[PDB]
Engineer: 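Handing you this structure, nothing more for now.
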Amino acid sequence: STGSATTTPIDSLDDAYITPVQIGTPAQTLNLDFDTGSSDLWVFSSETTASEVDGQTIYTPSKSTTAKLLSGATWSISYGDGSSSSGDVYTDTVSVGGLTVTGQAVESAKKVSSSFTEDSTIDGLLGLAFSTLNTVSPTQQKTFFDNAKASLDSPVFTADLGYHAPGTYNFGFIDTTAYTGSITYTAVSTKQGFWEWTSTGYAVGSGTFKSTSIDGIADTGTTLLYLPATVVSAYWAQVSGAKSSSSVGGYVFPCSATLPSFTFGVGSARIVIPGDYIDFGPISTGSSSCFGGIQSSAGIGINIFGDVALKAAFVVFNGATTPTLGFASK
Ligand SMILES: NCc1ccc(C(F)(F)F)cc1
Ligand SMILES: NCc1ccc(C(F)(F)F)cc1
């Protein structure tokens, strides 16, 4: 079987993408953030503290005839930006774009951090990293992808994120009309639970390509591109008036500047990120300083190929027994 769902940016800056997901019987439709950097499916629910809910659609297990409480199970997660949530665990039927999984662990949030409460358009997260990172205790739970793998025509899903436009998550098949040229596959390390791979280098604008190994993770759940300080410094040195601002927390640049493109290597192939993709707009309303989409990973400890990079490509997440990542131009 296969599934296909449209994913839509939540705002004009492509800060995140939401995808409708049907949970329960009868279906309750929630808009979830598909996150290849985590492995928990958690949702705002009728059990969430009422003061921590501001406009989200909530999952109500008591209205689902297929929901079962997973006796004694709890979950607690903390994200790399400081966000967190926790609660109890149900099992229920979950469908994405026509692809149905029965008995999926649905983690019901009793408490959410402030950053989720303020994001009225995100009803939860759907983790698509490896199941070793799932936080359910005492019995670890499988991701939606892991549960669907058996029945999929092919054990893959693909991410086709749009620039200021809707995109597509496909499960079980590779749409050969969605990209140009060939797909270049590269090896994945699963030792930390992430879709971790090694980029073969980079170039700034029309500059020379610098062959150098950059280990990082493919993370649809992270907005920006986080790279080593040496790389990020070489990029922003080409932007007149750009500087690192401690008060803002990263590189900013004059909103009137035009940004160079950024190229990253995948094996022998090259993925080009247009300079417009790196503009994340004024740091405050009316400001003439704009926030950069390429930032240093020094404070984070891991390099992150977030949405800024992934939306420049067609990305195949190949969950075969030897997993690989595929990149193609589009
Ligand atoms: N998108 C989920 C996520 C969040 C944070 C991290 C970090 F910061 F720990 F690398 C990885 C993945
Ligand atoms: N990387 C996971 C993640 C995704 C979204 C959010 C936000 F924006 F909703 F707070 C935080 C963390």
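When reading the values below, keep in mind they use all heavy atoms of this one structure, side chains included, and skip hydrogens, waters and symmetry mates. We're numbering straight along the sequence, starting at 1.
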Engineer: Decide side-chain contact (heavy atoms from CB on, under 4.5 Å) for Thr93 and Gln104; before the verdict, give the C-alpha distance in whole Å, the side-chain angles of both, and the deciding distance to 0.1 Å.
Structural biologist: CA-CA 6 Å; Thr93 298; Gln104 169 70 41; over 6 Å; no
Engineer: Taking side chain to side chain donor-acceptor pair (under 3.5 Å) as the cut-off, I'd like each qualifying pair that reaches into residues 293-302, sequence neighbours left out, listed once.
Structural biologist: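 For residues 293-302: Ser297-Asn303.
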Engineer: What distance separates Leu259 CG from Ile278 CD1, expressed to the nearest 0.5 Å?
Structural biologist: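 Rounded to the nearest 0.5 Å, the CG-CD1 separation comes to 6.5 Å.
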Engineer: With sequence neighbours excluded, give me every side chain to side chain donor-acceptor pair (under 3.5 Å) pair touching residues 254-273.
Structural biologist: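 Output for this query is empty, none listed.
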Engineer: Just jot down the side-chain contact (heavy atoms from CB on, under 4.5 Å) partners of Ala269, sequence neighbours excluded, or say none.
Structural biologist: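 Counting only residues at least two positions away or on another chain, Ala269 forms a side-chain contact (heavy atoms from CB on, under 4.5 Å) with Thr184.
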Engineer: Using side chain to side chain donor-acceptor pair (under 3.5 Å) as the criterion, list what pairs up with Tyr235, not counting sequence neighbours.
Structural biologist: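 Listed in chain order: nothing, the list is empty.
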Engineer: Decide yes or no for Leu152 and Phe145: does some side-chain heavy atom of the first lie under 4.5 Å from some side-chain heavy atom of the second?
Structural biologist: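 Result yes, sub-4.5 Å side-chain heavy-atom pair found.
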Engineer: Check this for me: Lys210, atom NZ, are more than 12 non-hydrogen atoms of other residues, nucleotides or ligands nearer than 6.0 Å?
Structural biologist: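 For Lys210, atom NZ is not crowded (no more than 12 foreign heavy atoms under 6.0 Å).
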Engineer: So, for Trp42 and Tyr59, is the gap between ring centers shorter than 6.0 Å?
Structural biologist: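 Distance test on ring centres: not under 6.0 Å, no.
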Engineer: Between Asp279 (side chain) and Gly281 (backbone), is there a donor-acceptor pair under 3.5 Å?
Structural biologist: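 Yes, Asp279 side chain to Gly281 backbone: donor-acceptor pair under 3.5 Å.
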Engineer: Start with the C-alpha distance between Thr49 and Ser51, add both sets of side-chain angles, then the distance that settles side-chain hydrogen bond (donor to acceptor under 3.5 Å, both in side chains), and finish with yes or no.
Structural biologist: CA-CA 6 Å; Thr49 325; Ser51 73; 5.8 Å; no
Engineer: Does the side chain of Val21 reach to within under 4.5 Å of the side chain of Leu30, using non-hydrogen atoms?
Structural biologist: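 No, their side chains stay 4.5 Å or more apart.
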Engineer: With sequence neighbours left out, what residues match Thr7 under side chain to side chain donor-acceptor pair (under 3.5 Å)?
Structural biologist: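 For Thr7 the side chain to side chain donor-acceptor pair (under 3.5 Å) partners, ignoring immediate neighbours, are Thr19.
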Engineer: Can you list the steps and then say if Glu107 with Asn134 is a side-chain hydrogen bond (donor to acceptor under 3.5 Å, both in side chains)?
Structural biologist: CA-CA 11 Å; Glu107 311 173 23; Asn134 177 266; 3.1 Å; yes
Engineer: As an exercise, state the distance from CG of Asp81 to OG1 of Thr223, rounded to the nearest 0.5 Å.
Structural biologist: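 The CG atom of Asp81 sits 9.0 Å away from the OG1 atom of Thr223.
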Engineer: Any sub-3.5 Å donor-acceptor pair from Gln56's side-chain atoms to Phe116's backbone N or O?
Structural biologist: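 Such a contact is found between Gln56 side chain and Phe116 backbone.
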Engineer: As an exercise, state the distance from CD1 of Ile304 to CD1 of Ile217, rounded to the nearest 0.5 Å.
Structural biologist: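 One gets 5.0 Å once the value is rounded to the nearest 0.5 Å.
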Engineer: Using a 4.5 Å cut-off on heavy atoms from C-beta on, say whether the side chain of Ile273 contacts that of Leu225.
Structural biologist: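 In contact.
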Engineer: Using a 4.5 Å cut-off on heavy atoms from C-beta on, say whether the side chain of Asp219 contacts that of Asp35.
Structural biologist: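 The answer is yes, as the side chains (C-beta and beyond) meet within the 4.5 Å cut-off.
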Engineer: For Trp75, give me all partners under side chain to side chain donor-acceptor pair (under 3.5 Å), at least two apart in sequence or on another chain.
Structural biologist: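 Not a single residue meets the side chain to side chain donor-acceptor pair (under 3.5 Å) criterion with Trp75.
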Engineer: What residues form a ring-ring contact (aromatic ring centres under 6.0 Å, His included) with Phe280, not counting sequence neighbours?
Structural biologist: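 Not a single residue meets the ring-ring contact (aromatic ring centres under 6.0 Å, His included) criterion with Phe280.
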Engineer: May I ask you to decide if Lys311's main-chain N or O and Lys330's side chain share a donor-acceptor pair within less than 3.5 Å?
Structural biologist: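 Here the side-chain-to-backbone pair exists.
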Engineer: Considering non-hydrogen atoms only, spot the tightest contact between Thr132 and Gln140 and give its length.
Structural biologist: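 Result for this residue pair: O-OE1, 3.0 Å.
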Engineer: Ignoring hydrogens and angles, state whether a donor on the side chain of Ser245 or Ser247 is under 3.5 Å from an acceptor on the partner side chain.
Structural biologist: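 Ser245 vs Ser247: donor-acceptor pair found between side chains.
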Engineer: In residues 108-115, what donor-acceptor pairs under 3.5 Å come from side-chain atoms, sequence neighbours left out?
Structural biologist:
from	atom 1	to	atom 2	distance (Å)
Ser108	OG	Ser45	OG	2.5
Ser108	OG	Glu47	OE1	2.8
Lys111	NZ	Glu52	OE2	3.2
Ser113	OG	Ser84	N	2.9
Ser113	OG	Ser84	O	3.0
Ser115	OG	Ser83	OG	2.4

Engineer: Whether the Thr66 and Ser64 side chains hold a donor-acceptor pair (N or O, under 3.5 Å, no angle test) is what I'd like checked.
Structural biologist: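 Short answer, yes.
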Engineer: One pair to check against side-chain hydrogen bond (donor to acceptor under 3.5 Å, both in side chains): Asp54 and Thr117. What are the steps and the verdict?
Structural biologist: CA-CA 6 Å; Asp54 190 14; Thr117 293; over 6 Å; no
Engineer: If only atom types and distance count, is the side chain of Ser151 paired as donor or acceptor with the main-chain N or O of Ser1 below 3.5 Å?
Structural biologist: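 No, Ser151 side chain to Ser1 backbone: no donor-acceptor pair under 3.5 Å.
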Engineer: What residues form a side chain to side chain donor-acceptor pair (under 3.5 Å) with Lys68, not counting sequence neighbours?
Structural biologist: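 If we apply the side chain to side chain donor-acceptor pair (under 3.5 Å) test to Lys68, skipping adjacent residues, there are no hits.
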Engineer: So that I know where these two stand, are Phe144 and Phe171 an aromatic pair - ring centroids less than 6.0 Å apart?
Structural biologist: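 Ring centres of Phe171 and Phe144 closer than 6.0 Å.
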Engineer: Within this structure, what is the CG-CG distance for the pair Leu32 and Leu126, rounded to the nearest 0.5 Å?
Structural biologist: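 Separation between the atoms: 6.0 Å.
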Engineer: Flag the pair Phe305 / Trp195 as yes when their ring centroid distance falls below 6.0 Å, and as no otherwise.
Structural biologist: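 Centroid separation for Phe305 and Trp195: 6.0 Å or greater.
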Engineer: Treating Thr36 as the side-chain partner and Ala218 as the backbone partner, does any N or O pair qualify as donor plus acceptor under 3.5 Å?
Structural biologist: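 Checked: pair present.
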Engineer: Can you tell me how far the CG atom of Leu325 sits from the CG atom of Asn318, to the nearest 0.5 Å?
Structural biologist: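 Result: 9.0 Å between the selected atoms.
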Engineer: With no hydrogens and no angle check, do the side chains of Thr2 and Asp153 hold a donor and an acceptor under 3.5 Å apart?
Structural biologist: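 No donor-acceptor contact under 3.5 Å links the two side chains.
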Engineer: Would you say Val266 and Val272 are hydrophobically clustered, going by side-chain heavy atoms of ILVMFWY under 4.5 Å?
Structural biologist: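 Shared cluster, no.
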Engineer: Do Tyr90 and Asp92 make a side-chain contact, defined as non-hydrogen atoms from C-beta onward lying under 4.5 Å apart?
Structural biologist: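 With C-beta onward as the side chain, the pair stays apart.
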Engineer: Are the side chain of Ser154 and the backbone N or O of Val156 linked by a donor-acceptor pair below 3.5 Å?
Structural biologist: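 Between the backbone of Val156 and the side chain of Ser154 there is no qualifying donor-acceptor contact (under 3.5 Å).
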Engineer: Would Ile271 and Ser329 count as a side-chain contact (heavy atoms from CB on, under 4.5 Å) here? Give the steps.
Structural biologist: CA-CA 6 Å; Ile271 301 296; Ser329 287; 4.2 Å; yes
Engineer: Out of the candidates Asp175, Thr168, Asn170, only one should pair with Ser4 under the side-chain hydrogen bond (donor to acceptor under 3.5 Å, both in side chains) rule; please name it.
Structural biologist: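 Filter result, single survivor: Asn170.
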Engineer: I would like to know whether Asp146 and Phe130 meet side-chain contact (heavy atoms from CB on, under 4.5 Å); could you show each step before the answer?
Structural biologist: CA-CA 8 Å; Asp146 269 346; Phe130 293 93; 5.7 Å; no
Engineer: Can you check whether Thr143's main-chain N or O pairs, donor with acceptor, with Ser131's side chain at less than 3.5 Å?
Structural biologist: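 Pair found, side chain donor or acceptor close to backbone of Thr143.
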Engineer: Check whether the side chains of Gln141 and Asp40 place a donor and an acceptor atom closer than 3.5 Å, and report yes or no.
Structural biologist: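 No.
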Engineer: Run the ring-ring contact (aromatic ring centres under 6.0 Å, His included) test against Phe314 and tell me which residues pass, sequence neighbours left out.
Structural biologist: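 ring-ring contact (aromatic ring centres under 6.0 Å, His included) list for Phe314, sorted by chain: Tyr179.
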Engineer: Does the pair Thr74 and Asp88 meet the rule for a side-chain hydrogen bond (donor to acceptor under 3.5 Å, both in side chains), with working shown?
Structural biologist: CA-CA 5 Å; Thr74 55; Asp88 46 26; over 6 Å; no
Engineer: Backbone N or O of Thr57 within a donor-acceptor pair of the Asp123 side chain at under 3.5 Å?
Structural biologist: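 Yes.
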Engineer: With a 4.5 Å limit on heavy-atom distance, are the side chains of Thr158 and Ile174 in contact?
Structural biologist: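 Yes - at least one pair of side-chain heavy atoms lies under 4.5 Å apart.
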Engineer: Under the ring-ring contact (aromatic ring centres under 6.0 Å, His included) rule, collect the residues that match up with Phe34, sequence neighbours excluded.
Structural biologist: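 ring-ring contact (aromatic ring centres under 6.0 Å, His included) check on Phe34 returns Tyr169.
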Engineer: Going by the rule ring-ring contact (aromatic ring centres under 6.0 Å, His included), which residues pair with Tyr163 if we only count those two or more places apart in sequence or in a different chain?
Structural biologist: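 By the ring-ring contact (aromatic ring centres under 6.0 Å, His included) rule, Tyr163 matches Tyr277.
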